[PDB]
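A short worksheet on the structure shown next.
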Protein chains: 2
Amino acid sequence: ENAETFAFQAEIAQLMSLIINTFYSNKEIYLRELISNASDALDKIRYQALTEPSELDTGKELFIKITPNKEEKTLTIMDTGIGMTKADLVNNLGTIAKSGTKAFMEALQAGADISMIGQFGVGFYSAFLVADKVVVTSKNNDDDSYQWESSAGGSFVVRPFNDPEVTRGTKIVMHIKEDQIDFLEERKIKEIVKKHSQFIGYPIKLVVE
Amino acid sequence: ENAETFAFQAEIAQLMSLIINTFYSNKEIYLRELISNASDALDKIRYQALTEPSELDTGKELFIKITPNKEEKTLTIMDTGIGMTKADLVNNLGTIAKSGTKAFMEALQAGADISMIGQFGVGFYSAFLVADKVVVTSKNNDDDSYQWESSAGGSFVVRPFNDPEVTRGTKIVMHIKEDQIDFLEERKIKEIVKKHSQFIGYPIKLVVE
Ligand SMILES: Nc1ncnc2c1ncn2[C@@H]1O[C@H](COP(=O)(O)OP(=O)(O)O)[C@@H](O)[C@H]1O
Ligand SMILES: Nc1ncnc2c1ncn2[C@@H]1O[C@H](COP(=O)(O)OP(=O)(O)O)[C@@H](O)[C@H]1O
Ligand SMILES: [Zn+2]
Ligand SMILES: [Zn+2]
Ligand SMILES: [Zn+2]
Ligand SMILES: [Zn+2]
Ligand SMILES: [Zn+2]
Ligand SMILES: [Zn+2]
Ligand SMILES: [Zn+2]
Ligand SMILES: [Zn+2]
Ligand SMILES: [Zn+2]
Ligand SMILES: [Zn+2]
């Protein structure tokens with residue numbers, strides 16, 4: 001079937017614009033948030049396999065892999081976690097109100113740090129701190145493989161998409177803003193993971209390109 | 001199926017090598033060769049539709065589209081020509097010897113201009129003058145959609161791949177070398193097309209991304 005275009009719930013769109021359009025000095029927290037989302041997805045498939053071992057027929061190895069691509073100005077974060085169905089992508093990454101959204105916009109306006117984002121249940125949108133466009137390819141055992149994509153602007157699209165690397169899990173491809181390309185450096189990624197994601201229970205693989 | 005890997009026939013591998021590893025000025029002829037190939041593919045479907053109009057059920061509009069992406073350092077040339085089956089990709093872009101290959105290598109080493117490539121029946125490999133990697137998505141009415149990819153290793157891969165943009169024809173994505181990013185400029189492209197591809201009988205659309 002075709003690409004379908006969804007609107008972001010209104011407060012999510014406002015938060016996005018505020019995220020993209022306001023200077024923050026502490027942008028590195030996007031990586032903490034996305035790694036923390038991958039870890040939760042990994043937990044969920046790990047616990048599921050304790051009663052249902054065949055949920056790992058789509059891949060036993062549980063990990064996160066980070067791939068900076070300086071030539072193309074993309075940062076990719078992939079995990080072999082539970083993945084998201086078409087409905088999860090539509091429901092969890094844009095259309096449904098989140099209770100923390102509006103509160104976080106108000107906290108930011110009052111001068112709170114951007115690093116609080118995860119506490120408000122909207123950590124995924126930290127990707128827009130460093131990215132102009134974000135593409136999410138995801139395959140859950142209960143659905144076919146789909147792709148969510150948004151350049152902000154109040155809407156996102158979801159289309160069918162098969163990636164032979166994603167047999168179960170989520171690949172997030174961030175298209176890095178010109179003023180944020182520092183985050184594509186091997187050394188910078190290593191430092192941020194080492195300093196802010198040192199307690200994650202899965203291997204984090206960093207591949208250079 | 002999944003990805004299959006194919007060795008280039010020996011002389012083609014040697015020609016690709018000579019082409020990537022020797023400095024040539026007049027690299028700009030790659031665009032002329034690729035457009036000429038697109039124009040041939042357009043002609044073939046055009047003539048086919050004269051007796052089998054249902055060959056145009058997969059798209060009536062006959063054109064070429066050029067898309068530079070400076071961010072991603074890619075240049076895309078796309079046509080709605082006859083397209084290539086899996087077998088065409090495998091047979092016509094690498095595995096079968098062409099009689100002009102060796103003759104072209106010796107002509108090059110004897111100092112002939114790179115612009116003569118087309119006259120030797122090997123115009124396609126001019127893409128590797130400006131690109132490190134070339135990815136070809138093609139769909140022919142007699143087969144499923146497939147993708148050919150090479151970084152000139154002495155081999156190429158062919159995998160299944162659907163691109164909603166290609167319902168019939170061919171899309172060439174060139175990953176442009178660091179020193180050749182000038183070819184991504186709107187001004188330069190138009191000027192190369194205006195001077196060297198002047199008499200092509202199909203619309204050539206340029207889209208700036
Ligand atoms: N890597 C992922 N794999 C599976 N689902 C994810 C992934 N990243 C995000 N999601 C889904 O998107 C939702 C929103 O993420 P986020 O905005 O970080 O909020 P939170 O993690 O606080 O729930 C998650 O709860 C989860 O359902
Ligand atoms: N855009 C295209 N669409 C369909 N077939 C193509 C395309 N480009 C190249 N090919 C196939 O690859 C072959 C090799 O092309 P090339 O190396 O330029 O040689 P020639 O064009 O002299 O045949 C072509 O003959 C054609 O069969
Ligand atoms: Zn989160
Ligand atoms: Zn199930
Ligand atoms: Zn479904
Ligand atoms: Zn990009
Ligand atoms: Zn800097
Ligand atoms: Zn430091
Ligand atoms: Zn830090
Ligand atoms: Zn040709
Ligand atoms: Zn590239
Ligand atoms: Zn010229």
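The chains in the structure tokens are called A, B, ... from first to last as shown; in each chain the residues are counted from 1, and the ligands are counted from 1 in the order shown.
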
Just need the residues of chain B within 9 Å of chain A, counting only C-alpha atoms, so spit them out as a PDB file with N, CA and C atoms, in the first residue's frame.
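Resulting contents of iface17.pdb:
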```
ATOM      1  N   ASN B   2      17.595 -13.262  -1.225  1.00  0.00           N
ATOM      2  CA  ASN B   2      18.351 -12.193  -0.609  1.00  0.00           C
ATOM      3  C   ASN B   2      19.463 -11.768  -1.604  1.00  0.00           C
ATOM      4  N   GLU B  71      23.708  17.543   0.628  1.00  0.00           N
ATOM      5  CA  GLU B  71      23.848  16.970   1.964  1.00  0.00           C
ATOM      6  C   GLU B  71      24.436  15.554   1.916  1.00  0.00           C
ATOM      7  N   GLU B  72      23.904  14.719   1.032  1.00  0.00           N
ATOM      8  CA  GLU B  72      24.232  13.306   1.125  1.00  0.00           C
ATOM      9  C   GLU B  72      25.246  12.913   0.129  1.00  0.00           C
ATOM     10  N   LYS B  73      25.690  13.915  -0.619  1.00  0.00           N
ATOM     11  CA  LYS B  73      26.712  13.766  -1.622  1.00  0.00           C
ATOM     12  C   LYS B  73      26.270  12.676  -2.608  1.00  0.00           C
ATOM     13  N   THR B  74      24.983  12.668  -2.972  1.00  0.00           N
ATOM     14  CA  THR B  74      24.502  11.716  -3.982  1.00  0.00           C
ATOM     15  C   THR B  74      23.930  12.498  -5.181  1.00  0.00           C
ATOM     16  N   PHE B 161      14.381  -5.252  -4.414  1.00  0.00           N
ATOM     17  CA  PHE B 161      14.213  -3.930  -3.808  1.00  0.00           C
ATOM     18  C   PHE B 161      13.124  -3.174  -4.514  1.00  0.00           C
ATOM     19  N   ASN B 162      12.138  -2.721  -3.767  1.00  0.00           N
ATOM     20  CA  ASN B 162      11.006  -1.977  -4.329  1.00  0.00           C
ATOM     21  C   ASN B 162      11.168  -0.513  -3.997  1.00  0.00           C
ATOM     22  N   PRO B 164       8.882   2.865  -4.572  1.00  0.00           N
ATOM     23  CA  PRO B 164       7.583   3.275  -5.085  1.00  0.00           C
ATOM     24  C   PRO B 164       7.725   4.256  -6.236  1.00  0.00           C
ATOM     25  N   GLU B 178      34.665  12.713  -2.654  1.00  0.00           N
ATOM     26  CA  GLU B 178      34.947  14.000  -2.003  1.00  0.00           C
ATOM     27  C   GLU B 178      35.454  15.081  -2.951  1.00  0.00           C
TER      28      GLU B 178
END
```

Please identify which residues in stretch 142-181 of chain B DSSP calls helix (DSSP H, G or I) from the backbone, and express them as a list in words.
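After running DSSP on the backbone, stretch 142-181 of chain B has helix (DSSP H, G or I) at residues 178, 179, 180 and 181 of chain B.
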
Would you save the residues from that selection as a PDB file, in the first residue's frame, using N, CA, C and O atoms?
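part_35.pdb, written as the output of this step:
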```pdb
ATOM      1  N   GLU B 178      34.665  12.713  -2.654  1.00  0.00           N
ATOM      2  CA  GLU B 178      34.947  14.000  -2.003  1.00  0.00           C
ATOM      3  C   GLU B 178      35.454  15.081  -2.951  1.00  0.00           C
ATOM      4  O   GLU B 178      34.894  16.174  -2.961  1.00  0.00           O
ATOM      5  N   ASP B 179      36.437  14.791  -3.785  1.00  0.00           N
ATOM      6  CA  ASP B 179      36.905  15.848  -4.699  1.00  0.00           C
ATOM      7  C   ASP B 179      35.966  16.199  -5.891  1.00  0.00           C
ATOM      8  O   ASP B 179      36.278  17.093  -6.690  1.00  0.00           O
ATOM      9  N   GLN B 180      34.811  15.534  -6.000  1.00  0.00           N
ATOM     10  CA  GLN B 180      33.954  15.710  -7.179  1.00  0.00           C
ATOM     11  C   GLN B 180      32.582  16.316  -6.834  1.00  0.00           C
ATOM     12  O   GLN B 180      31.670  16.226  -7.630  1.00  0.00           O
ATOM     13  N   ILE B 181      32.421  16.844  -5.619  1.00  0.00           N
ATOM     14  CA  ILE B 181      31.154  17.438  -5.162  1.00  0.00           C
ATOM     15  C   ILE B 181      30.703  18.653  -5.979  1.00  0.00           C
ATOM     16  O   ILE B 181      29.560  19.079  -5.848  1.00  0.00           O
TER      17      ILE B 181
END
```

From the options A:155, A:68, A:100, A:174, which residue's atoms come nearest to residue A:187, counting only C-alpha atoms?
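Answer, going by the shortest atom-to-atom distance: A:68.
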
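A straight line drawn from atom CA of residue A:94 to atom CA of residue A:183 is 25.3 Å long.
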
All Cα atoms, paired in order, least squares: that's the fit I need for chain B onto chain A, output as a PDB file with C-alpha atoms, in the first residue's frame.
```pdb
ATOM      1  CA  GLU B   1      -0.208   0.057   0.848  1.00  0.00           C
ATOM      2  CA  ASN B   2       1.663   3.219   0.037  1.00  0.00           C
ATOM      3  CA  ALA B   3       2.766   6.214   2.191  1.00  0.00           C
ATOM      4  CA  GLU B   4       0.199   7.651   4.636  1.00  0.00           C
ATOM      5  CA  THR B   5       0.609  11.091   6.145  1.00  0.00           C
ATOM      6  CA  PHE B   6      -0.175  11.810   9.833  1.00  0.00           C
ATOM      7  CA  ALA B   7      -0.472  15.059  11.781  1.00  0.00           C
ATOM      8  CA  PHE B   8       1.372  15.125  15.099  1.00  0.00           C
ATOM      9  CA  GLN B   9      -1.026  15.725  18.043  1.00  0.00           C
ATOM     10  CA  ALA B  10      -1.097  19.461  18.731  1.00  0.00           C
ATOM     11  CA  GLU B  11       1.194  19.737  21.789  1.00  0.00           C
ATOM     12  CA  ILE B  12       3.788  17.390  20.321  1.00  0.00           C
ATOM     13  CA  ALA B  13       3.911  19.624  17.211  1.00  0.00           C
ATOM     14  CA  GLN B  14       4.457  22.638  19.468  1.00  0.00           C
ATOM     15  CA  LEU B  15       7.106  20.827  21.444  1.00  0.00           C
ATOM     16  CA  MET B  16       8.903  19.768  18.219  1.00  0.00           C
ATOM     17  CA  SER B  17       8.816  23.380  17.158  1.00  0.00           C
ATOM     18  CA  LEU B  18      10.185  24.760  20.431  1.00  0.00           C
ATOM     19  CA  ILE B  19      12.903  22.054  20.180  1.00  0.00           C
ATOM     20  CA  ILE B  20      14.080  22.880  16.660  1.00  0.00           C
ATOM     21  CA  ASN B  21      13.739  26.620  16.866  1.00  0.00           C
ATOM     22  CA  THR B  22      15.320  27.414  20.253  1.00  0.00           C
ATOM     23  CA  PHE B  23      19.041  27.109  20.992  1.00  0.00           C
ATOM     24  CA  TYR B  24      19.955  24.578  23.685  1.00  0.00           C
ATOM     25  CA  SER B  25      23.364  23.586  24.831  1.00  0.00           C
ATOM     26  CA  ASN B  26      23.517  20.079  26.234  1.00  0.00           C
ATOM     27  CA  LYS B  27      22.100  18.720  22.874  1.00  0.00           C
ATOM     28  CA  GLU B  28      24.223  15.581  23.491  1.00  0.00           C
ATOM     29  CA  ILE B  29      21.449  14.117  25.671  1.00  0.00           C
ATOM     30  CA  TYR B  30      19.648  12.971  22.500  1.00  0.00           C
ATOM     31  CA  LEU B  31      21.995   9.952  22.337  1.00  0.00           C
ATOM     32  CA  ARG B  32      21.257   9.014  25.957  1.00  0.00           C
ATOM     33  CA  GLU B  33      17.490   9.172  25.285  1.00  0.00           C
ATOM     34  CA  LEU B  34      17.697   7.118  22.112  1.00  0.00           C
ATOM     35  CA  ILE B  35      19.889   4.479  23.790  1.00  0.00           C
ATOM     36  CA  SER B  36      17.560   4.349  26.766  1.00  0.00           C
ATOM     37  CA  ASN B  37      14.638   3.698  24.357  1.00  0.00           C
ATOM     38  CA  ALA B  38      16.641   1.006  22.578  1.00  0.00           C
ATOM     39  CA  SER B  39      17.461  -0.569  25.995  1.00  0.00           C
ATOM     40  CA  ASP B  40      13.699  -0.636  26.918  1.00  0.00           C
ATOM     41  CA  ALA B  41      12.918  -2.364  23.573  1.00  0.00           C
ATOM     42  CA  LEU B  42      15.623  -4.910  24.252  1.00  0.00           C
ATOM     43  CA  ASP B  43      14.261  -5.537  27.739  1.00  0.00           C
ATOM     44  CA  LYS B  44      10.709  -6.142  26.388  1.00  0.00           C
ATOM     45  CA  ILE B  45      11.784  -8.837  23.874  1.00  0.00           C
ATOM     46  CA  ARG B  46      14.118 -10.367  26.529  1.00  0.00           C
ATOM     47  CA  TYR B  47      11.264 -10.761  29.025  1.00  0.00           C
ATOM     48  CA  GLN B  48       8.913 -12.007  26.299  1.00  0.00           C
ATOM     49  CA  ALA B  49      11.329 -14.772  25.340  1.00  0.00           C
ATOM     50  CA  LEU B  50      11.147 -16.077  28.914  1.00  0.00           C
ATOM     51  CA  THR B  51       7.753 -17.641  28.189  1.00  0.00           C
ATOM     52  CA  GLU B  52       7.698 -17.563  24.330  1.00  0.00           C
ATOM     53  CA  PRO B  53      11.253 -18.483  23.098  1.00  0.00           C
ATOM     54  CA  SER B  54      10.010 -18.506  19.493  1.00  0.00           C
ATOM     55  CA  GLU B  55       9.927 -14.643  19.702  1.00  0.00           C
ATOM     56  CA  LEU B  56      13.695 -14.915  19.169  1.00  0.00           C
ATOM     57  CA  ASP B  57      13.318 -16.876  15.883  1.00  0.00           C
ATOM     58  CA  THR B  58      13.778 -13.409  14.261  1.00  0.00           C
ATOM     59  CA  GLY B  59      17.207 -12.935  15.930  1.00  0.00           C
ATOM     60  CA  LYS B  60      18.671 -14.041  19.269  1.00  0.00           C
ATOM     61  CA  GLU B  61      21.503 -11.442  19.551  1.00  0.00           C
ATOM     62  CA  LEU B  62      20.339  -8.539  21.776  1.00  0.00           C
ATOM     63  CA  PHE B  63      22.358  -5.374  21.062  1.00  0.00           C
ATOM     64  CA  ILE B  64      22.540  -1.703  20.060  1.00  0.00           C
ATOM     65  CA  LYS B  65      24.599  -0.496  17.059  1.00  0.00           C
ATOM     66  CA  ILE B  66      25.729   3.039  16.356  1.00  0.00           C
ATOM     67  CA  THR B  67      26.836   4.041  12.847  1.00  0.00           C
ATOM     68  CA  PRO B  68      28.046   7.550  12.035  1.00  0.00           C
ATOM     69  CA  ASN B  69      28.413   8.433   8.350  1.00  0.00           C
ATOM     70  CA  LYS B  70      30.297  11.703   7.985  1.00  0.00           C
ATOM     71  CA  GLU B  71      29.913  11.699   4.205  1.00  0.00           C
ATOM     72  CA  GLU B  72      26.140  11.577   4.374  1.00  0.00           C
ATOM     73  CA  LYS B  73      25.806  13.482   7.563  1.00  0.00           C
ATOM     74  CA  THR B  74      23.672  10.667   9.039  1.00  0.00           C
ATOM     75  CA  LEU B  75      23.833   8.900  12.413  1.00  0.00           C
ATOM     76  CA  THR B  76      22.159   5.561  12.742  1.00  0.00           C
ATOM     77  CA  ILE B  77      21.103   3.968  16.048  1.00  0.00           C
ATOM     78  CA  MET B  78      19.874   0.427  15.685  1.00  0.00           C
ATOM     79  CA  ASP B  79      18.589  -2.182  18.170  1.00  0.00           C
ATOM     80  CA  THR B  80      17.297  -5.784  17.963  1.00  0.00           C
ATOM     81  CA  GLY B  81      14.528  -4.924  20.489  1.00  0.00           C
ATOM     82  CA  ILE B  82      10.818  -5.755  20.313  1.00  0.00           C
ATOM     83  CA  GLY B  83      10.314  -3.312  17.337  1.00  0.00           C
ATOM     84  CA  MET B  84       7.087  -1.412  16.532  1.00  0.00           C
ATOM     85  CA  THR B  85       4.034  -2.469  14.445  1.00  0.00           C
ATOM     86  CA  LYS B  86       2.541   0.054  12.031  1.00  0.00           C
ATOM     87  CA  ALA B  87       0.024   0.895  14.825  1.00  0.00           C
ATOM     88  CA  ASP B  88       2.826   1.367  17.408  1.00  0.00           C
ATOM     89  CA  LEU B  89       4.632   3.728  15.046  1.00  0.00           C
ATOM     90  CA  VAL B  90       1.488   5.728  14.392  1.00  0.00           C
ATOM     91  CA  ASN B  91       0.242   5.708  17.995  1.00  0.00           C
ATOM     92  CA  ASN B  92       3.507   5.965  19.895  1.00  0.00           C
ATOM     93  CA  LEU B  93       5.551   8.329  17.698  1.00  0.00           C
ATOM     94  CA  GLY B  94       3.139  11.193  17.156  1.00  0.00           C
ATOM     95  CA  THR B  95      -0.639  10.954  17.049  1.00  0.00           C
ATOM     96  CA  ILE B  96      -1.596  10.290  20.706  1.00  0.00           C
ATOM     97  CA  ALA B  97      -1.282  13.099  23.292  1.00  0.00           C
ATOM     98  CA  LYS B  98       1.282  12.463  26.046  1.00  0.00           C
ATOM     99  CA  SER B  99       0.470  13.986  29.482  1.00  0.00           C
ATOM    100  CA  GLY B 100       4.008  15.393  29.977  1.00  0.00           C
ATOM    101  CA  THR B 101       4.258  17.324  26.676  1.00  0.00           C
ATOM    102  CA  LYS B 102       2.764  20.661  27.660  1.00  0.00           C
ATOM    103  CA  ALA B 103       4.313  20.464  31.127  1.00  0.00           C
ATOM    104  CA  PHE B 104       7.729  20.001  29.444  1.00  0.00           C
ATOM    105  CA  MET B 105       7.216  23.015  27.170  1.00  0.00           C
ATOM    106  CA  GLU B 106       6.393  25.248  30.141  1.00  0.00           C
ATOM    107  CA  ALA B 107       9.353  23.796  32.048  1.00  0.00           C
ATOM    108  CA  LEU B 108      11.598  24.628  29.094  1.00  0.00           C
ATOM    109  CA  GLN B 109      10.282  28.192  28.797  1.00  0.00           C
ATOM    110  CA  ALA B 110      10.708  28.620  32.532  1.00  0.00           C
ATOM    111  CA  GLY B 111      14.397  27.717  31.807  1.00  0.00           C
ATOM    112  CA  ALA B 112      14.674  24.001  32.729  1.00  0.00           C
ATOM    113  CA  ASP B 113      17.487  22.030  31.180  1.00  0.00           C
ATOM    114  CA  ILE B 114      16.727  20.115  27.955  1.00  0.00           C
ATOM    115  CA  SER B 115      18.210  17.053  29.674  1.00  0.00           C
ATOM    116  CA  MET B 116      14.953  16.659  31.589  1.00  0.00           C
ATOM    117  CA  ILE B 117      13.049  15.646  28.481  1.00  0.00           C
ATOM    118  CA  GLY B 118      13.130  11.918  29.412  1.00  0.00           C
ATOM    119  CA  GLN B 119      11.382  12.513  32.753  1.00  0.00           C
ATOM    120  CA  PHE B 120       8.411  13.986  30.857  1.00  0.00           C
ATOM    121  CA  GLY B 121       7.810  10.848  28.689  1.00  0.00           C
ATOM    122  CA  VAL B 122       8.846  12.614  25.485  1.00  0.00           C
ATOM    123  CA  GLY B 123      12.551  11.583  25.132  1.00  0.00           C
ATOM    124  CA  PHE B 124      12.225  10.542  21.441  1.00  0.00           C
ATOM    125  CA  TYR B 125      11.789  14.131  20.182  1.00  0.00           C
ATOM    126  CA  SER B 126      15.302  14.993  21.526  1.00  0.00           C
ATOM    127  CA  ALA B 127      16.412  13.532  18.176  1.00  0.00           C
ATOM    128  CA  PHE B 128      15.225  16.796  16.543  1.00  0.00           C
ATOM    129  CA  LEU B 129      17.849  18.706  18.614  1.00  0.00           C
ATOM    130  CA  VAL B 130      20.548  17.495  16.205  1.00  0.00           C
ATOM    131  CA  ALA B 131      18.591  16.219  13.177  1.00  0.00           C
ATOM    132  CA  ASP B 132      16.533  17.932  10.423  1.00  0.00           C
ATOM    133  CA  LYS B 133      14.998  14.692   9.381  1.00  0.00           C
ATOM    134  CA  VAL B 134      14.559  11.477  11.264  1.00  0.00           C
ATOM    135  CA  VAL B 135      13.701   8.158   9.543  1.00  0.00           C
ATOM    136  CA  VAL B 136      12.710   5.168  11.672  1.00  0.00           C
ATOM    137  CA  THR B 137      12.646   1.633  10.169  1.00  0.00           C
ATOM    138  CA  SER B 138      10.952  -0.796  12.580  1.00  0.00           C
ATOM    139  CA  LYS B 139       9.915  -4.446  12.488  1.00  0.00           C
ATOM    140  CA  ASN B 140       7.887  -6.146  15.211  1.00  0.00           C
ATOM    141  CA  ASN B 141       7.170  -9.933  15.117  1.00  0.00           C
ATOM    142  CA  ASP B 142       3.400  -9.248  14.840  1.00  0.00           C
ATOM    143  CA  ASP B 143       3.527  -7.026  11.758  1.00  0.00           C
ATOM    144  CA  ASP B 144       5.338  -6.289   8.451  1.00  0.00           C
ATOM    145  CA  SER B 145       8.294  -3.871   8.467  1.00  0.00           C
ATOM    146  CA  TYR B 146       7.437  -0.204   8.279  1.00  0.00           C
ATOM    147  CA  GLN B 147       9.157   3.172   8.093  1.00  0.00           C
ATOM    148  CA  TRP B 148       8.245   6.419   9.882  1.00  0.00           C
ATOM    149  CA  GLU B 149       9.691   9.681   8.625  1.00  0.00           C
ATOM    150  CA  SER B 150       9.363  13.303   9.723  1.00  0.00           C
ATOM    151  CA  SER B 151      11.114  16.588   9.080  1.00  0.00           C
ATOM    152  CA  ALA B 152       8.999  18.143  11.795  1.00  0.00           C
ATOM    153  CA  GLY B 153       6.372  19.625   9.506  1.00  0.00           C
ATOM    154  CA  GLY B 154       3.540  19.175  11.959  1.00  0.00           C
ATOM    155  CA  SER B 155       3.271  15.810  10.260  1.00  0.00           C
ATOM    156  CA  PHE B 156       5.021  12.485   9.685  1.00  0.00           C
ATOM    157  CA  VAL B 157       4.653   9.808   7.052  1.00  0.00           C
ATOM    158  CA  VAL B 158       4.381   6.055   7.500  1.00  0.00           C
ATOM    159  CA  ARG B 159       5.167   3.715   4.541  1.00  0.00           C
ATOM    160  CA  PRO B 160       5.946  -0.065   4.148  1.00  0.00           C
ATOM    161  CA  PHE B 161       9.702  -0.728   3.967  1.00  0.00           C
ATOM    162  CA  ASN B 162      11.922  -3.787   4.263  1.00  0.00           C
ATOM    163  CA  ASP B 163      15.475  -3.516   5.414  1.00  0.00           C
ATOM    164  CA  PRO B 164      17.351  -6.810   5.386  1.00  0.00           C
ATOM    165  CA  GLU B 165      19.357  -5.560   8.363  1.00  0.00           C
ATOM    166  CA  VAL B 166      16.202  -5.256  10.484  1.00  0.00           C
ATOM    167  CA  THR B 167      14.544  -8.709  10.918  1.00  0.00           C
ATOM    168  CA  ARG B 168      13.292  -7.521  14.372  1.00  0.00           C
ATOM    169  CA  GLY B 169      13.856  -4.215  16.084  1.00  0.00           C
ATOM    170  CA  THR B 170      14.333  -0.618  15.197  1.00  0.00           C
ATOM    171  CA  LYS B 171      16.681   1.546  13.172  1.00  0.00           C
ATOM    172  CA  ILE B 172      16.778   5.289  13.629  1.00  0.00           C
ATOM    173  CA  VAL B 173      18.472   7.307  10.934  1.00  0.00           C
ATOM    174  CA  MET B 174      19.170  10.921  11.881  1.00  0.00           C
ATOM    175  CA  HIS B 175      19.984  13.500   9.148  1.00  0.00           C
ATOM    176  CA  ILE B 176      22.243  15.697  11.136  1.00  0.00           C
ATOM    177  CA  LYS B 177      22.020  19.556  10.968  1.00  0.00           C
ATOM    178  CA  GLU B 178      24.938  21.457   9.475  1.00  0.00           C
ATOM    179  CA  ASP B 179      26.034  22.986  12.789  1.00  0.00           C
ATOM    180  CA  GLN B 180      25.840  19.595  14.615  1.00  0.00           C
ATOM    181  CA  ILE B 181      28.226  17.426  12.496  1.00  0.00           C
ATOM    182  CA  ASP B 182      30.625  17.210  15.491  1.00  0.00           C
ATOM    183  CA  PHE B 183      28.265  14.529  16.815  1.00  0.00           C
ATOM    184  CA  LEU B 184      29.394  12.349  13.885  1.00  0.00           C
ATOM    185  CA  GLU B 185      32.916  11.957  15.329  1.00  0.00           C
ATOM    186  CA  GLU B 186      34.087   8.525  16.765  1.00  0.00           C
ATOM    187  CA  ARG B 187      35.817  10.287  19.721  1.00  0.00           C
ATOM    188  CA  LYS B 188      32.744  12.316  20.617  1.00  0.00           C
ATOM    189  CA  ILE B 189      30.247   9.493  20.356  1.00  0.00           C
ATOM    190  CA  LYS B 190      32.333   7.117  22.543  1.00  0.00           C
ATOM    191  CA  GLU B 191      32.754   9.849  25.098  1.00  0.00           C
ATOM    192  CA  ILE B 192      29.078  10.691  25.192  1.00  0.00           C
ATOM    193  CA  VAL B 193      28.234   6.953  25.622  1.00  0.00           C
ATOM    194  CA  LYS B 194      30.898   6.340  28.253  1.00  0.00           C
ATOM    195  CA  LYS B 195      29.831   9.231  30.460  1.00  0.00           C
ATOM    196  CA  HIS B 196      26.086   9.429  30.048  1.00  0.00           C
ATOM    197  CA  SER B 197      24.946   5.860  29.129  1.00  0.00           C
ATOM    198  CA  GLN B 198      27.172   3.958  31.589  1.00  0.00           C
ATOM    199  CA  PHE B 199      24.923   1.288  32.953  1.00  0.00           C
ATOM    200  CA  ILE B 200      23.122  -0.027  29.854  1.00  0.00           C
ATOM    201  CA  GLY B 201      22.756  -3.795  30.128  1.00  0.00           C
ATOM    202  CA  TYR B 202      23.390  -4.582  26.418  1.00  0.00           C
ATOM    203  CA  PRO B 203      26.418  -4.425  24.119  1.00  0.00           C
ATOM    204  CA  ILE B 204      26.668  -1.023  22.297  1.00  0.00           C
ATOM    205  CA  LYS B 205      28.588  -1.567  19.023  1.00  0.00           C
ATOM    206  CA  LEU B 206      30.133   1.462  17.242  1.00  0.00           C
ATOM    207  CA  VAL B 207      30.760   1.066  13.507  1.00  0.00           C
ATOM    208  CA  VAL B 208      32.709   3.707  11.631  1.00  0.00           C
ATOM    209  CA  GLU B 209      31.563   3.973   7.983  1.00  0.00           C
TER     210      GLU B 209
END
```

Hey, what does DSSP flag as strand (DSSP E) within stretch 29-176 of chain B? Can you give it to me as a PyMOL selection string?
chain B and resi 64-69+74-79+131-139+146-150+155-160+169-176
